[PDB]
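Okay, structure first, notes after.
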Amino acid sequence: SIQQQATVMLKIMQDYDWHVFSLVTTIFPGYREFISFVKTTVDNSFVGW
Amino acid sequence: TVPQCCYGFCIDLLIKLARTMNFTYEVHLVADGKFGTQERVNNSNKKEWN
Ligand SMILES: *[C@@H]1O[C@H](CO)[C@@H](O)[C@H](O)[C@H]1NC(C)=O
Ligand SMILES: *[C@@H]1O[C@H](CO)[C@@H](O)[C@H](O)[C@H]1NC(C)=O
């Protein structure tokens, strides 16, 4: 699922010493909930990207 | 959960606010016993207030 892919991307960014990122998306069905999920994950994470 | 008797500066301010705003206050005590903040207890990443 795309949410698992987003979590993997966040973990890769954390391991790569990349604590700053920008989310650039495009209008396409299904991506809004993915953006909401990644925002909730980065907010609830103690890493603090 | 026995009912105790509590008072002090905070309850006096609460009484003043209730008198000025017609509030019917229901005093309760924190079961956790702490101020509480974002802490990780379980479910990995969880910044839930306690
Ligand atoms: C709360 O404030 C509003 C406007 O400042 C006022 O109309 C209202 O009466 C106030 N509430 C009480 C309980 O006085
Ligand atoms: C206080 O406000 C309440 C509204 O919830 C009203 O019913 C009551 O009459 C007010 N008391 C006085 C003394 O004006």
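We name chains A, B, ... following the order of the structure tokens; residues begin at 1 in each chain, and ligands are numbered from 1 as shown.
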Please report, as CSV, each residue of chain B lying at most 9 Å from ligand 2, together with the nearest pair of atoms and the separation in Å rounded to one decimal; use only C-alpha atoms and all ligand atoms, and order rows by chain and ascending residue number.
residue,atom,partner,partner_atom_place_in_ligand_line,distance
B:19,CA,ligand 2,1 (C),8.5
B:20,CA,ligand 2,1 (C),8.7
B:21,CA,ligand 2,1 (C),6.8
B:22,CA,ligand 2,1 (C),4.2
B:23,CA,ligand 2,5 (O),7.4
B:24,CA,ligand 2,5 (O),8.8
*asked:* Among chain B, which ones does DSSP assign to alpha helix (DSSP H) (computed from the backbone)? Answer as an MDAnalysis selection string.
replied: chainID B and resid 9:21
Would you export the selected residues with N, CA and C atoms as a PDB file, in the first residue's frame, please?
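Everything below was put into part24.pdb:
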ATOM      1  N   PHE B   9      -6.160  28.501  46.171  1.00  0.00           N
ATOM      2  CA  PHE B   9      -6.212  29.657  45.280  1.00  0.00           C
ATOM      3  C   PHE B   9      -6.931  29.324  43.977  1.00  0.00           C
ATOM      4  N   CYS B  10      -6.635  28.155  43.403  1.00  0.00           N
ATOM      5  CA  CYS B  10      -7.239  27.783  42.128  1.00  0.00           C
ATOM      6  C   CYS B  10      -8.749  27.638  42.249  1.00  0.00           C
ATOM      7  N   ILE B  11      -9.222  27.005  43.324  1.00  0.00           N
ATOM      8  CA  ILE B  11     -10.663  26.848  43.489  1.00  0.00           C
ATOM      9  C   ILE B  11     -11.320  28.191  43.780  1.00  0.00           C
ATOM     10  N   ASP B  12     -10.612  29.106  44.449  1.00  0.00           N
ATOM     11  CA  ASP B  12     -11.167  30.439  44.670  1.00  0.00           C
ATOM     12  C   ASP B  12     -11.318  31.191  43.353  1.00  0.00           C
ATOM     13  N   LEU B  13     -10.310  31.100  42.482  1.00  0.00           N
ATOM     14  CA  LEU B  13     -10.422  31.706  41.160  1.00  0.00           C
ATOM     15  C   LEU B  13     -11.547  31.064  40.359  1.00  0.00           C
ATOM     16  N   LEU B  14     -11.700  29.743  40.475  1.00  0.00           N
ATOM     17  CA  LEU B  14     -12.788  29.056  39.786  1.00  0.00           C
ATOM     18  C   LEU B  14     -14.148  29.524  40.291  1.00  0.00           C
ATOM     19  N   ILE B  15     -14.282  29.707  41.606  1.00  0.00           N
ATOM     20  CA  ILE B  15     -15.535  30.201  42.173  1.00  0.00           C
ATOM     21  C   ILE B  15     -15.824  31.610  41.675  1.00  0.00           C
ATOM     22  N   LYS B  16     -14.796  32.461  41.623  1.00  0.00           N
ATOM     23  CA  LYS B  16     -14.985  33.811  41.099  1.00  0.00           C
ATOM     24  C   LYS B  16     -15.434  33.781  39.641  1.00  0.00           C
ATOM     25  N   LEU B  17     -14.798  32.936  38.825  1.00  0.00           N
ATOM     26  CA  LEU B  17     -15.183  32.826  37.421  1.00  0.00           C
ATOM     27  C   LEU B  17     -16.609  32.309  37.276  1.00  0.00           C
ATOM     28  N   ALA B  18     -16.988  31.325  38.094  1.00  0.00           N
ATOM     29  CA  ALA B  18     -18.346  30.794  38.040  1.00  0.00           C
ATOM     30  C   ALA B  18     -19.366  31.849  38.444  1.00  0.00           C
ATOM     31  N   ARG B  19     -19.055  32.639  39.473  1.00  0.00           N
ATOM     32  CA  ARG B  19     -19.961  33.704  39.887  1.00  0.00           C
ATOM     33  C   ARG B  19     -20.102  34.758  38.798  1.00  0.00           C
ATOM     34  N   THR B  20     -19.002  35.092  38.122  1.00  0.00           N
ATOM     35  CA  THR B  20     -19.052  36.086  37.058  1.00  0.00           C
ATOM     36  C   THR B  20     -19.630  35.546  35.754  1.00  0.00           C
ATOM     37  N   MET B  21     -19.734  34.223  35.595  1.00  0.00           N
ATOM     38  CA  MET B  21     -20.198  33.637  34.343  1.00  0.00           C
ATOM     39  C   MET B  21     -21.299  32.598  34.533  1.00  0.00           C
TER      40      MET B  21
END
*Given a cut-off of 12 Å, which residues of chain B touch chain A, counting only C-alpha atoms, written out as a PyMOL selection string?*
chain B and resi 38-40+43-49
*Running DSSP on the backbone, which parts of chain B land in strand (DSSP E or B), as an MDAnalysis selection string?*
chainID B and resid 38:39 48:49
_Would you pick out the contacts of residue 6 (chain B) at 12 Å or less, using only C-alpha atoms, so that residues sharing its chain but fewer than 6 positions from it are not included, and give the list as an NGL selection string?_
:B and (12 or 26-29)
*What's the 10 Å shell around residue 35 (chain A), counting only C-alpha atoms, without same-chain residues fewer than 5 positions away, as a PyMOL selection string?*
chain A and resi 3+6+23-25+30+40-41
*Work out how far CA of residue 36 (chain A) is from CA of residue 16 (chain A), in Å to one decimal.*
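CA of residue 36 (chain A) lies at a distance of 23.3 Å from CA of residue 16 (chain A).
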*asked:* Which residues are close to residue 7 (chain A), i.e. within 10 Å by only C-alpha atoms, leaving aside same-chain residues fewer than 3 positions away? Reply as a PyMOL selection string.
replied: chain A and resi 2-4+10-13+37-38+41-42
